[PDB]
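Form deposited in one PDB entry, single chain, as structure tokens, below.
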């Protein structure tokens, strides 16, 4: 009793099939990427293109559906180098392995033989998340998650979207204690609630970015989309935003510990209530969890603190250190405040990267204080 599955096998993309239509060579459809600056153009050959062009996932995703966003977005010779492609479904990676392994390698320096470890969200094994609110102003942990057995945003039907919303909101429905909260669909949002969500900052609107759109991640909007936040207002979940599920535990203060406890407990419990229904998270045995963008895999976890370092900033070895610590900085502020997070995403477990954040931050404050007191930090630098 899958007539519907057979229809999409052949018809997800409502686009003409150059390959089946009698004669066109794979060369005749090969994109012109001379002027392109994205990982896809860098990693795509006409050999790979010949190999995959007519190869279709059981869901009916095509290679051209996966790489379109990169074809459509050559990007600047000056701007950042975007990924330039997308997974259409859980099968897309395996199905276009030869290509995706070349992007994963470029994006995460993760070789085809490498192996993302199992999930670990035992927050009890986290050592030392508490910071003086003086150096740490706020902190949050975010990640993306996909629902197994369902297409990802780029190629999904209104129906699947609807499915995913039903599944994930029902699952959030069963969360309790400090994790209880209510659901707000976007389709039925009265302005009474919308006013509040705008005030909390929890509201997301229709994507207008080049990627989201060109990938098809803003179709049939606002159908299937929604927000969920707990009653403490420190644990937020978005639905069918960029990915099926986007979770964020966050709060003001230096207590990253508590942020992670909440995040781990939430995500574990939602996976569990999903499992009581015969639904699970989309997980690849090599690459960890999957999302539409090949940069969001492994743990898919971004943990950050907003860190104030008035003395350390101006140290020449500030960045070599930050990089040594396997962290990255976002925003030479006169407030000396930075958004510092785990750079990595694959090759470590979720509470390992969290511990990577904590460890780094401890070292970072130890120098800020030291420099301020006038002492040296040269033997504090990791070697």
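Residue numbers count along the first chain shown, from 1. Between two forms, the rigid core is defined as the largest C-alpha subset superposing within 1.5 Å.
A.B. asks: Counting only residues of the deposited sequence, how many between residue 331 and residue 332 have no atoms in the entry (none, 1 to 3, 4 to 9, 10 or more)?
C.D. replies: The entry leaves 4 to 9 residues without coordinates here.
Quick note: we don't show the form deposited in another entry, though the next part is all about it.
A.B. asks: Where does the C-alpha shift reach 2 Å or more between this form and the one not shown among 229, 102, 262, 246, given a fit on the rigid core?
C.D. replies: That would be 262.
A.B. asks: Given a core-based superposition, decide whether the C-alpha of residue 137 shifts by 2 Å or more between this form and the one not shown.
C.D. replies: Yes, because once the rigid core is superposed, the C-alpha of residue 137 moves 2 Å or more between this form and the one not shown.
A.B. asks: Taking the rigid core as reference, does residue 296 move its C-alpha 2 Å or further between this form and the one not shown?
C.D. replies: Comparing the forms between this form and the one not shown, which are aligned on their rigid core, residue 296 does not shift its C-alpha by 2 Å or more.
A.B. asks: Classify residue 63 as shifted (yes) or not shifted (no) between this form and the one not shown, where shifted means its C-alpha moves by 2 Å or more with the rigid core superposed.
C.D. replies: Superposed on the core, residue 63 moves its C-alpha less than 2 Å between this form and the one not shown.
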